[PDB]
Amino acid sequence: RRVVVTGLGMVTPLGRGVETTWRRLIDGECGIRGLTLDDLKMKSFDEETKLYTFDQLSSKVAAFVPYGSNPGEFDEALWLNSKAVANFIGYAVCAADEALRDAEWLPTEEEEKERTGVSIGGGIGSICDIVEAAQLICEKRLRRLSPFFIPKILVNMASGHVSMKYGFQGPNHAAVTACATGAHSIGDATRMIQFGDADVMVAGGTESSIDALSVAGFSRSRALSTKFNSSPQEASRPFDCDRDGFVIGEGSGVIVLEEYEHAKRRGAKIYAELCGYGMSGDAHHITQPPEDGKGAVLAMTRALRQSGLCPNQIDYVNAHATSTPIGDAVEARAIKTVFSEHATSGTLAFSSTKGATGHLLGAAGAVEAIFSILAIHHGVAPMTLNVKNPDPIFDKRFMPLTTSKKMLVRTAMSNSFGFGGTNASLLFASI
(Lines of atoms letter the chains of each structure in order from A and count residues from 1; the text may use other names and numbers.)
(Lines give C-alpha, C1' and ligand atoms only; values in the text may rest on other atoms or scores of the structure.)
Protein backbone atom coordinates (compact mmCIF):
# COMPACT_ATOMS: atom_id res chain seq x y z
CA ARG A 1 0.00 0.00 0.00
CA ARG A 2 1.26 3.46 -0.97
CA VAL A 3 0.95 6.56 1.21
CA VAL A 4 0.19 10.04 -0.13
CA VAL A 5 -0.18 13.53 1.36
CA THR A 6 -3.61 15.13 0.89
CA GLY A 7 -3.59 17.96 3.45
CA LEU A 8 -1.09 20.44 4.89
CA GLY A 9 -1.39 22.55 8.05
CA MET A 10 1.01 24.64 10.12
CA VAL A 11 1.50 27.46 12.61
CA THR A 12 5.04 28.87 12.67
CA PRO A 13 7.09 31.99 13.55
CA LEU A 14 6.43 33.01 9.91
CA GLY A 15 2.68 32.98 10.56
CA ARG A 16 -0.40 30.85 11.12
CA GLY A 17 -1.31 28.86 8.01
CA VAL A 18 0.57 27.20 5.13
CA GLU A 19 -0.02 30.11 2.70
CA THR A 20 1.45 32.77 5.02
CA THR A 21 4.40 30.63 6.21
CA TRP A 22 5.43 29.49 2.71
CA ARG A 23 5.06 32.98 1.16
CA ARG A 24 7.23 34.62 3.83
CA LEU A 25 9.76 31.76 3.74
CA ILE A 26 10.27 32.09 -0.04
CA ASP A 27 10.42 35.91 0.25
CA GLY A 28 13.35 35.44 2.64
CA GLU A 29 11.69 36.64 5.84
CA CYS A 30 12.73 35.73 9.39
CA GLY A 31 10.65 35.09 12.52
CA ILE A 32 13.42 35.67 15.09
CA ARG A 33 13.26 38.54 17.60
CA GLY A 34 14.83 39.52 20.93
CA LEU A 35 13.47 38.12 24.20
CA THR A 36 11.41 40.24 26.60
CA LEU A 37 10.24 39.60 30.19
CA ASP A 38 6.82 38.43 28.92
CA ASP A 39 8.53 35.68 26.91
CA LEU A 40 9.71 33.95 30.12
CA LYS A 41 6.13 32.73 30.74
CA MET A 42 6.55 33.69 34.42
CA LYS A 43 3.22 35.46 35.12
CA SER A 44 3.03 33.75 38.55
CA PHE A 45 6.38 35.24 39.66
CA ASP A 46 7.12 38.76 40.92
CA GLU A 47 8.89 41.35 38.73
CA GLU A 48 12.18 41.13 40.67
CA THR A 49 12.32 37.37 39.99
CA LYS A 50 11.43 37.94 36.30
CA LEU A 51 14.18 40.57 35.97
CA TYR A 52 16.76 38.36 37.70
CA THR A 53 15.81 35.33 35.59
CA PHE A 54 16.04 37.22 32.28
CA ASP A 55 19.59 38.32 33.15
CA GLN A 56 20.64 34.67 33.63
CA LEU A 57 19.81 33.80 30.02
CA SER A 58 22.83 33.62 27.70
CA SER A 59 20.55 33.39 24.67
CA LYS A 60 18.11 36.31 24.37
CA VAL A 61 16.64 35.52 20.93
CA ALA A 62 13.76 33.26 19.86
CA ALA A 63 11.28 32.64 17.04
CA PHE A 64 7.67 33.23 18.07
CA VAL A 65 4.28 32.29 16.66
CA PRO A 66 2.36 35.54 16.02
CA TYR A 67 -0.80 35.69 18.16
CA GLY A 68 -3.92 37.65 17.24
CA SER A 69 -7.38 37.65 15.68
CA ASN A 70 -6.20 38.87 12.25
CA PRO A 71 -5.22 36.84 9.13
CA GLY A 72 -1.94 34.93 9.48
CA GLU A 73 -2.11 35.09 13.29
CA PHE A 74 -2.73 32.38 15.91
CA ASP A 75 -5.89 33.16 17.92
CA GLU A 76 -5.48 31.87 21.50
CA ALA A 77 -9.20 32.59 22.11
CA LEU A 78 -10.05 29.93 19.52
CA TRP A 79 -7.39 27.26 20.12
CA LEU A 80 -6.45 27.69 23.79
CA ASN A 81 -9.99 27.97 25.18
CA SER A 82 -9.80 25.11 27.69
CA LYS A 83 -8.09 24.53 31.05
CA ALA A 84 -6.51 21.25 29.87
CA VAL A 85 -4.96 22.79 26.73
CA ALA A 86 -1.29 23.77 26.96
CA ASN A 87 0.15 25.84 24.10
CA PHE A 88 1.69 22.87 22.26
CA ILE A 89 -1.76 21.22 22.19
CA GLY A 90 -3.42 24.37 20.76
CA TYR A 91 -0.80 24.70 18.01
CA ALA A 92 -1.35 21.09 16.92
CA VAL A 93 -5.15 21.41 16.92
CA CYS A 94 -4.87 24.65 14.90
CA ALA A 95 -2.55 23.00 12.36
CA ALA A 96 -4.58 19.77 12.27
CA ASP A 97 -7.77 21.72 11.54
CA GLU A 98 -6.11 23.45 8.57
CA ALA A 99 -4.66 20.16 7.26
CA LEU A 100 -8.00 18.30 7.53
CA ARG A 101 -9.96 21.09 5.82
CA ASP A 102 -7.26 21.22 3.12
CA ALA A 103 -7.68 17.44 2.69
CA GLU A 104 -11.49 17.85 2.87
CA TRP A 105 -11.43 15.07 5.47
CA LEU A 106 -14.06 15.68 8.14
CA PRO A 107 -15.90 12.34 8.07
CA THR A 108 -19.30 11.96 9.74
CA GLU A 109 -19.55 8.19 9.21
CA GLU A 110 -18.25 5.94 12.00
CA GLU A 111 -16.65 3.60 9.43
CA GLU A 112 -14.35 6.36 8.11
CA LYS A 113 -13.76 7.85 11.59
CA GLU A 114 -12.62 4.44 12.87
CA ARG A 115 -10.19 4.19 9.94
CA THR A 116 -8.64 7.60 10.74
CA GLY A 117 -5.87 7.89 13.35
CA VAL A 118 -3.65 10.59 14.83
CA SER A 119 0.13 10.69 15.41
CA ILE A 120 1.24 14.14 16.60
CA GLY A 121 4.13 14.18 19.06
CA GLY A 122 5.64 16.87 21.24
CA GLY A 123 9.28 16.86 22.33
CA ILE A 124 9.16 18.27 25.88
CA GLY A 125 5.54 19.30 26.53
CA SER A 126 4.90 22.18 28.92
CA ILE A 127 7.86 23.09 31.14
CA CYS A 128 6.24 26.42 32.13
CA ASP A 129 3.27 24.56 33.63
CA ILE A 130 5.62 22.33 35.65
CA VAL A 131 7.50 25.45 36.81
CA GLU A 132 4.25 27.04 38.04
CA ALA A 133 3.39 23.84 39.94
CA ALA A 134 6.89 23.57 41.44
CA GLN A 135 6.52 27.17 42.67
CA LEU A 136 3.51 25.96 44.70
CA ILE A 137 5.84 23.52 46.50
CA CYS A 138 8.46 26.23 47.19
CA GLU A 139 5.87 28.75 48.43
CA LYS A 140 3.72 26.16 50.24
CA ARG A 141 0.60 26.84 48.15
CA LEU A 142 -0.22 23.33 46.89
CA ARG A 143 -3.99 23.79 47.43
CA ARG A 144 -3.96 25.86 44.22
CA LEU A 145 -2.68 22.90 42.14
CA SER A 146 -4.93 22.24 39.14
CA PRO A 147 -6.73 18.90 38.54
CA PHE A 148 -5.72 19.48 34.89
CA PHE A 149 -1.99 19.64 35.67
CA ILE A 150 -1.13 16.07 34.61
CA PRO A 151 -3.28 16.05 31.42
CA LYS A 152 -1.72 19.30 30.13
CA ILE A 153 1.96 18.27 30.55
CA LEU A 154 1.81 14.85 28.82
CA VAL A 155 3.59 14.88 25.43
CA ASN A 156 1.03 12.56 23.79
CA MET A 157 -1.96 14.81 24.50
CA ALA A 158 -1.96 16.67 21.16
CA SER A 159 -3.03 13.38 19.50
CA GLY A 160 -5.67 12.93 22.21
CA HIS A 161 -7.23 16.36 21.67
CA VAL A 162 -7.17 16.06 17.86
CA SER A 163 -8.78 12.58 17.89
CA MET A 164 -11.44 13.79 20.35
CA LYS A 165 -12.32 16.88 18.30
CA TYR A 166 -12.99 14.94 15.08
CA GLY A 167 -14.00 11.54 16.50
CA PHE A 168 -10.95 9.80 15.06
CA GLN A 169 -10.81 6.24 16.41
CA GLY A 170 -7.89 4.79 14.45
CA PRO A 171 -4.42 4.50 16.02
CA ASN A 172 -3.94 7.20 18.69
CA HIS A 173 -0.17 7.56 18.75
CA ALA A 174 2.85 9.76 19.36
CA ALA A 175 6.51 9.23 18.60
CA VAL A 176 8.78 11.32 20.80
CA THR A 177 12.40 11.48 19.70
CA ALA A 178 13.58 14.96 20.73
CA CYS A 179 14.22 17.15 17.67
CA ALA A 180 13.27 14.29 15.31
CA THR A 181 9.83 14.00 16.97
CA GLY A 182 7.83 15.44 14.06
CA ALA A 183 9.64 13.22 11.56
CA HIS A 184 9.21 9.92 13.44
CA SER A 185 5.55 10.77 14.14
CA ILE A 186 4.91 11.17 10.40
CA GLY A 187 7.03 8.10 9.61
CA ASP A 188 5.33 5.85 12.16
CA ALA A 189 1.93 6.95 10.83
CA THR A 190 3.08 6.00 7.32
CA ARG A 191 4.07 2.50 8.53
CA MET A 192 0.58 2.16 10.07
CA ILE A 193 -1.19 3.00 6.78
CA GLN A 194 1.21 0.67 4.93
CA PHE A 195 0.45 -2.24 7.29
CA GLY A 196 -3.30 -1.52 7.25
CA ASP A 197 -3.79 -0.16 10.79
CA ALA A 198 -5.42 2.93 9.26
CA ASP A 199 -6.45 4.45 5.93
CA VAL A 200 -5.90 8.07 7.02
CA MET A 201 -3.44 9.48 9.57
CA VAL A 202 -3.25 13.03 10.90
CA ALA A 203 0.46 13.25 11.73
CA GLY A 204 3.17 15.73 12.68
CA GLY A 205 4.83 17.61 15.51
CA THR A 206 4.25 20.44 17.95
CA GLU A 207 6.29 22.47 20.43
CA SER A 208 5.84 25.50 22.63
CA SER A 209 8.95 25.56 24.75
CA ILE A 210 9.96 29.23 24.85
CA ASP A 211 10.13 29.94 28.58
CA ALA A 212 12.62 30.69 31.36
CA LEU A 213 13.72 27.15 32.21
CA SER A 214 13.77 25.90 28.61
CA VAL A 215 16.00 28.78 27.48
CA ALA A 216 18.20 28.45 30.60
CA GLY A 217 18.38 24.67 30.14
CA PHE A 218 19.45 24.78 26.49
CA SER A 219 21.87 27.64 27.31
CA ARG A 220 23.52 25.44 29.94
CA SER A 221 23.89 22.64 27.37
CA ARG A 222 25.71 25.31 25.29
CA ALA A 223 23.28 24.63 22.45
CA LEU A 224 21.93 28.16 21.89
CA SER A 225 23.09 31.23 19.95
CA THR A 226 24.37 33.97 22.31
CA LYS A 227 26.54 36.50 20.40
CA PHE A 228 23.79 37.90 18.14
CA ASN A 229 21.44 39.14 20.88
CA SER A 230 21.64 42.73 19.54
CA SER A 231 21.02 41.49 15.97
CA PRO A 232 18.27 38.81 16.27
CA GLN A 233 17.55 38.60 12.50
CA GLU A 234 21.14 37.39 12.04
CA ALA A 235 21.25 34.92 14.96
CA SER A 236 20.27 31.77 13.05
CA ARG A 237 22.75 31.12 10.24
CA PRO A 238 22.93 27.47 9.13
CA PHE A 239 26.21 26.56 7.34
CA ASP A 240 27.74 30.02 8.04
CA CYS A 241 31.25 30.37 9.54
CA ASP A 242 29.92 32.59 12.35
CA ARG A 243 27.14 30.27 13.60
CA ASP A 244 27.17 29.84 17.41
CA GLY A 245 24.19 27.61 18.30
CA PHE A 246 20.51 27.33 17.40
CA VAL A 247 17.66 29.72 18.16
CA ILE A 248 14.67 28.13 19.90
CA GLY A 249 11.44 28.40 17.92
CA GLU A 250 7.85 27.23 18.43
CA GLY A 251 4.86 25.99 16.43
CA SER A 252 3.34 22.96 14.76
CA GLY A 253 3.31 21.12 11.46
CA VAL A 254 0.55 18.65 10.67
CA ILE A 255 -0.13 16.66 7.50
CA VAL A 256 -2.90 14.34 6.37
CA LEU A 257 -1.43 11.05 5.18
CA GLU A 258 -3.64 8.53 3.42
CA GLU A 259 -3.54 5.32 1.42
CA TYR A 260 -3.26 6.04 -2.32
CA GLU A 261 -6.33 4.08 -3.51
CA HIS A 262 -8.43 5.61 -0.71
CA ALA A 263 -7.36 9.11 -1.85
CA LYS A 264 -8.08 8.42 -5.54
CA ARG A 265 -11.53 6.97 -4.79
CA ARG A 266 -12.80 10.15 -3.10
CA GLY A 267 -11.15 12.45 -5.67
CA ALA A 268 -8.72 14.06 -3.23
CA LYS A 269 -5.90 16.26 -4.48
CA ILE A 270 -2.51 14.73 -3.83
CA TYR A 271 0.59 16.77 -3.00
CA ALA A 272 3.17 13.96 -3.08
CA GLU A 273 3.93 10.37 -2.06
CA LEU A 274 5.95 9.52 1.04
CA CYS A 275 8.47 7.02 -0.34
CA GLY A 276 11.15 6.75 2.33
CA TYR A 277 11.39 6.74 6.12
CA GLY A 278 15.02 6.13 7.05
CA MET A 279 15.91 5.67 10.72
CA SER A 280 19.20 5.31 12.55
CA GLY A 281 21.06 5.93 15.78
CA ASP A 282 24.45 7.60 16.22
CA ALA A 283 25.32 5.41 19.24
CA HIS A 284 27.90 8.09 20.08
CA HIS A 285 26.93 10.86 22.51
CA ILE A 286 23.85 12.24 24.32
CA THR A 287 23.99 15.60 22.48
CA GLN A 288 26.84 15.51 19.92
CA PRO A 289 26.80 13.74 16.51
CA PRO A 290 29.89 11.73 15.43
CA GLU A 291 32.59 13.49 13.38
CA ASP A 292 31.88 11.34 10.28
CA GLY A 293 28.08 11.73 10.49
CA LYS A 294 27.57 7.97 10.07
CA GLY A 295 24.13 8.15 11.70
CA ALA A 296 22.98 10.82 9.26
CA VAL A 297 24.48 8.78 6.38
CA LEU A 298 22.56 5.67 7.50
CA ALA A 299 19.26 7.55 7.84
CA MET A 300 19.55 9.09 4.35
CA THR A 301 20.75 5.83 2.76
CA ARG A 302 17.85 3.90 4.33
CA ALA A 303 15.23 6.37 3.05
CA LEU A 304 16.76 6.13 -0.45
CA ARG A 305 16.86 2.32 -0.37
CA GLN A 306 13.15 2.17 0.58
CA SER A 307 12.15 4.45 -2.31
CA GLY A 308 14.22 2.46 -4.81
CA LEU A 309 15.92 5.69 -5.90
CA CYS A 310 19.59 6.47 -6.52
CA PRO A 311 21.31 9.46 -4.84
CA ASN A 312 21.46 11.26 -8.23
CA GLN A 313 17.64 11.14 -8.45
CA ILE A 314 17.22 13.47 -5.45
CA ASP A 315 16.40 17.04 -6.43
CA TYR A 316 16.18 18.81 -3.06
CA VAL A 317 17.44 18.17 0.48
CA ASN A 318 16.04 20.16 3.39
CA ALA A 319 18.94 19.82 5.84
CA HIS A 320 18.53 19.57 9.62
CA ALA A 321 21.34 22.12 10.10
CA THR A 322 20.36 24.12 13.19
CA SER A 323 23.17 26.74 13.01
CA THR A 324 25.62 24.82 15.22
CA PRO A 325 29.41 24.69 14.56
CA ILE A 326 29.82 20.89 14.84
CA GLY A 327 26.31 19.78 13.81
CA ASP A 328 26.08 21.65 10.50
CA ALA A 329 29.54 20.52 9.35
CA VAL A 330 28.78 16.88 10.24
CA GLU A 331 25.57 16.91 8.18
CA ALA A 332 27.36 18.67 5.28
CA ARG A 333 30.00 15.91 5.43
CA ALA A 334 27.21 13.30 5.49
CA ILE A 335 25.45 14.88 2.48
CA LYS A 336 28.80 14.70 0.63
CA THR A 337 29.12 11.00 1.53
CA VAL A 338 25.59 10.05 0.43
CA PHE A 339 25.41 12.07 -2.79
CA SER A 340 29.14 12.36 -3.68
CA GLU A 341 29.39 13.49 -7.34
CA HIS A 342 25.71 14.55 -7.39
CA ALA A 343 26.46 16.98 -4.53
CA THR A 344 30.06 18.06 -5.29
CA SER A 345 29.18 19.02 -8.89
CA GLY A 346 26.54 21.46 -7.64
CA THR A 347 23.65 19.47 -9.13
CA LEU A 348 22.04 18.75 -5.74
CA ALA A 349 20.02 21.60 -4.27
CA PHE A 350 20.07 21.80 -0.48
CA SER A 351 19.21 24.33 2.22
CA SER A 352 18.27 24.70 5.86
CA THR A 353 15.15 26.74 6.60
CA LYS A 354 16.06 27.17 10.29
CA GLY A 355 17.57 30.60 9.58
CA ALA A 356 13.96 31.71 9.03
CA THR A 357 11.88 29.59 11.43
CA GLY A 358 14.47 28.92 14.13
CA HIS A 359 14.67 25.44 15.66
CA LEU A 360 11.06 24.31 16.18
CA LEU A 361 12.36 21.32 18.18
CA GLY A 362 9.62 18.64 18.28
CA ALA A 363 7.80 20.40 15.44
CA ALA A 364 10.92 20.91 13.27
CA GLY A 365 10.70 17.58 11.42
CA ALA A 366 7.02 18.11 10.59
CA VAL A 367 7.29 21.74 9.49
CA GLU A 368 10.32 20.94 7.33
CA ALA A 369 8.58 17.92 5.78
CA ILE A 370 5.83 20.35 4.76
CA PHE A 371 8.49 22.63 3.22
CA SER A 372 9.83 19.60 1.29
CA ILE A 373 6.32 18.64 0.08
CA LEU A 374 5.74 22.28 -0.96
CA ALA A 375 9.07 22.33 -2.84
CA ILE A 376 7.75 19.44 -4.95
CA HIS A 377 4.29 21.03 -5.27
CA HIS A 378 5.46 24.53 -6.30
CA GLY A 379 8.83 23.78 -7.94
CA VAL A 380 10.63 26.23 -5.63
CA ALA A 381 13.44 25.34 -3.23
CA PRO A 382 13.74 27.66 -0.20
CA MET A 383 16.89 29.62 0.69
CA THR A 384 19.21 29.34 3.68
CA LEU A 385 19.34 32.72 5.43
CA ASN A 386 22.53 34.41 6.66
CA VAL A 387 25.19 32.47 4.72
CA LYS A 388 27.62 35.37 4.29
CA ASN A 389 30.73 33.23 4.74
CA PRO A 390 30.00 29.57 3.89
CA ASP A 391 31.71 26.80 5.88
CA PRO A 392 35.19 25.72 4.56
CA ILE A 393 33.66 22.36 3.55
CA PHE A 394 31.74 24.19 0.81
CA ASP A 395 33.12 25.42 -2.51
CA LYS A 396 31.89 27.09 -5.72
CA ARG A 397 29.89 23.97 -6.65
CA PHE A 398 29.08 22.19 -3.36
CA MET A 399 27.12 24.98 -1.67
CA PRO A 400 23.78 25.46 0.14
CA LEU A 401 21.13 27.64 -1.53
CA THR A 402 21.26 31.31 -0.51
CA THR A 403 18.34 32.44 -2.68
CA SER A 404 14.95 30.83 -3.32
CA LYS A 405 15.35 29.03 -6.64
CA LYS A 406 12.78 27.89 -9.17
CA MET A 407 13.50 24.32 -10.27
CA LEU A 408 11.73 21.04 -11.01
CA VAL A 409 11.56 19.20 -7.69
CA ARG A 410 10.34 15.64 -8.27
CA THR A 411 12.01 14.30 -5.12
CA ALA A 412 12.59 16.01 -1.75
CA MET A 413 14.35 14.59 1.32
CA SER A 414 14.15 16.03 4.85
CA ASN A 415 16.61 15.20 7.67
CA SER A 416 15.79 15.47 11.39
CA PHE A 417 18.29 14.62 14.15
CA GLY A 418 17.74 14.67 17.94
CA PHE A 419 19.44 14.32 21.33
CA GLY A 420 20.28 10.69 22.08
CA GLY A 421 21.61 10.32 18.54
CA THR A 422 18.17 9.63 17.06
CA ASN A 423 17.97 10.19 13.29
CA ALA A 424 15.15 10.27 10.76
CA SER A 425 15.09 11.02 7.05
CA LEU A 426 11.81 11.48 5.18
CA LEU A 427 11.78 11.14 1.39
CA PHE A 428 8.90 12.49 -0.70
CA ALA A 429 8.25 12.24 -4.44
CA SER A 430 5.70 13.55 -6.94
CA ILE A 431 3.07 10.98 -7.97
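All residue numbers refer to positions in the sequence shown, first residue = 1.
Taking the mean C-alpha B-factor of each stretch as recorded, 298 to 306 and 81 to 89 are not equal, and the higher mean is that of 81 to 89. Once the C-alpha B-factors are averaged per stretch, 388 to 396 and 54 to 62 rank with 388 to 396 first.
In the deposited entry, the Cα temperature factor of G15 places it in the middle third of its chain's modelled residues.
In the PDB entry, a CA B factor belonging to the highest third of its chain's modelled residues is recorded for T344. In the PDB entry, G182 places in the middle third of its chain by CA B-factor. Compared with the other modelled residues of the chain, the Cα B-factor recorded for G267 ranks in the highest third.
Sort the modelled residues of the chain by CA B factor and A366 lands in the middle third.
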